[PDB]
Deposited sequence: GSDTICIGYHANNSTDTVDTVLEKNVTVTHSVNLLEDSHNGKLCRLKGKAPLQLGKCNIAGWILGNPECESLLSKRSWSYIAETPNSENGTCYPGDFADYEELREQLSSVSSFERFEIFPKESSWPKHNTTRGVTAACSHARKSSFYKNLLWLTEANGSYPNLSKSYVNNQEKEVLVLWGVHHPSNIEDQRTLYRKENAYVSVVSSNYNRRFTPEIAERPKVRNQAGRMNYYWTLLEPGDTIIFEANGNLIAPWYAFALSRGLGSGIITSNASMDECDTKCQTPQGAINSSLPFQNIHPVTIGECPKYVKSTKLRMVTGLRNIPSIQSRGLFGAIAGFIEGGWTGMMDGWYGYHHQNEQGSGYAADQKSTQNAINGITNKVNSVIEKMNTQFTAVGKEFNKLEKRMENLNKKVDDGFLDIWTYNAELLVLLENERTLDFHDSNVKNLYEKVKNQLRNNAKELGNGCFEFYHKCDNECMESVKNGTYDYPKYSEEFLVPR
C-alpha cells in the first residue's frame, strides 16, 4: 500500500515552559525573556568610565579629605560608584547641608573641572593660611586638612574683616563649597579669631545666608568636640559670589565648574572595575540590555530591562515535544526524523520512503512567531534612567514613598510578565495545532475520494502513488486508475 502522512517536528530538546493550562510542558524550541545573569564587574556606560570614589564617599571626595584622590583637571564620568560604608568623608565632624541634594546634583554632570577660586598664596594677606591643620584630618601620620578648603586663623593678634568675591566667567555652573567652624569653648574662639562674636556672610544673585558660630561642649567625634558645618551653592554663569567674615570661615580654596548631561546616578558596589562596555549597570555587575525583563537588582543605571521578581520567563517558539485536535490528538506524536521544518509529510510507496517538511506552512509559522517574539521584546520602551534615590534620617516618609513606587512597578511588571508568558505560550501551541490541522484538511480536500482516511493523520491511496504524484500533492496541484 501507498501512504502520505502529515505530521510535525520532534527533537532531543529538554526545554520546558509553563502555560496557562499546564505546567512543565517540554517543547522543541523556546526563547528566554529574562536576564538573570551578570558579569560581576563595573563597566563603562555610554562610552565613559564611572567616577570611582574608592575609600571615600562624596563628602570626603568633594571636600578633599586627605585620604581621597584629587581631581586636578577636567574629567567626565557616566555614573558614580562609591563602595559600601566608606569611612573617609568629613574627617572633621559637622553637618553637611543638603548632602543628598548635592549627591543628586553630581549625578547629572557630564564634565567637571577643579579650579583655584581663592588662591591660598595670595588671597588672604592679613590672615594666617598655614596653621589650619588638625589631627582629625591627618594623612600618612601627619596632621592636615581638606584640600579644597582653607581654615583661616588670626595673624599677629588680629583676625581682620575679610571680603572676597568671585565672578563666574566660566560660562557654566560653578559649585562653591565652604565651611563654618564652631569651637567647643570660648577660649578657642578667642585664640583663633580674637573675638567672641563673629559672623560669616555668603551672597550671590540667588543665594544669601548668614552664619554665627555657636559655642558649646559636645561629645568628641574623631577626638574633636568642635564642629565644622559644610555648605555649598551653585553659582550661575556670570554671577558673583561674595564672602564676608570676621571669624570662623572655612574658606573656599578650590571650586568646580560643571556641565550637565543625562541624569545618571550613584552605584554602591563592592564590584571592581573592568574594561567592559554596557548599556545597563547594576550594583553586582553589568547586564545585557536585549531582553525586556531582569531579576538581578531593582536599582539600575542605563537603558535597562524592567526588574521582576520572576525566576523563569521562558517563551515557547516551537511545539509540544489540543485546542484544534491534531497535535497530541489524532496525530499523537512528532517525527524526530523530519529535521527540516515544523510541519511536513511522510511518504511510503514502492519507489522509496522518508520524511519531508512542508516549506510553505513552516515558513509562514516561523515568520509569524518571529514577529511575535520581536513584539514582546521590542515594544518595551527603554529610556536611560537611574532608579536610585537617597534620603536622610528625617526623610523616612520620602524614602518609603520611593520604596512604594519601586515596589508597585515591580508588582505590576512581575504579574503582567508572568501572565503574558503563560497566556501567549498557550496561544503559540494552539497556533501550531491549527497549522497542522489546516495542512491535514488541505490534503484531505485535494484527496477527495482517491484515498482512505486512516485517522492517524495519514491517508492510504487507492490510486497508485509513486514518488511523482506526491510532489504535485505537496505542491497543492491534484487531478482527482482505481486499483
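Asker: If I number the deposited sequence starting at 1, which residue ranges have no C-alpha coordinates at all?
Answerer: Model skips 1, 323-329, 489-491, 495-499 of the deposited chain.
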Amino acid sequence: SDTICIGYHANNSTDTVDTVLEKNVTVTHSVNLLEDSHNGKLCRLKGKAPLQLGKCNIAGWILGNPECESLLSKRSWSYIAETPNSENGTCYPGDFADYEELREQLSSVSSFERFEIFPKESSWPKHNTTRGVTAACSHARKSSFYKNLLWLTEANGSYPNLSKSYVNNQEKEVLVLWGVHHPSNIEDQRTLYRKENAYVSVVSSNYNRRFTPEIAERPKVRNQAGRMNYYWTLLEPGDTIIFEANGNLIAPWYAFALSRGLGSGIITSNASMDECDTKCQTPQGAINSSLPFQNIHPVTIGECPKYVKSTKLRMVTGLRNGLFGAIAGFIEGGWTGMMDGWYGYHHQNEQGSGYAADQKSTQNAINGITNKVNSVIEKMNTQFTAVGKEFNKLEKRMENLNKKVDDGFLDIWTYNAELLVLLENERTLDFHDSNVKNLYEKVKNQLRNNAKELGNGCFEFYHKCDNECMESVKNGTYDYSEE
From here on, numbers count along this sequence of modelled residues.
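Asker: According to the deposited model, is the average Cα temperature factor higher in 79-87 or in 238-246?
Answerer: If you average the C-alpha B-factors of 79-87 and of 238-246, the larger mean comes out for 79-87.
Asker: Between 226-234 and 372-380, which has the higher average C-alpha B-factor in the PDB entry?
Answerer: Of 372-380 and 226-234, the stretch with the higher C-alpha B-factor average is 372-380.
Asker: When you compare the CA B-factors of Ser123, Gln348, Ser205, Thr130 as listed in the entry, which one comes out on top?
Answerer: Highest C-alpha B-factor among the listed residues goes to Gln348.
Asker: Can you tell me which of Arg190, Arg314, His297, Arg320 has the highest Cα temperature factor in the record?
Answerer: Highest CA B-factor of the listed options: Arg320.
Asker: Hey, what third does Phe431 fall into on Cα B-factor, ranked over its chain?
Answerer: Middle third.
Asker: Hey, what third does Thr414 fall into on Cα B-factor, ranked over its chain?
Answerer: Its C-alpha B-factor belongs to the lowest third of this chain's values.
Asker: Where does the C-alpha B-factor of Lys360 rank in its chain, lowest, middle or highest third?
Answerer: Ranked within chain, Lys360 CA B lands in the highest tercile.
Asker: Ranking every modelled residue in this chain by its Cα temperature factor as given in the entry, which third contains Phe115?
Answerer: Bottom third by C-alpha B-factor.
Asker: For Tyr166, does the deposited CA B-factor place it in the lowest, middle or highest third of the chain?
Answerer: Lowest third - that is where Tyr166 ends up once the chain's C-alpha B-factors are sorted.
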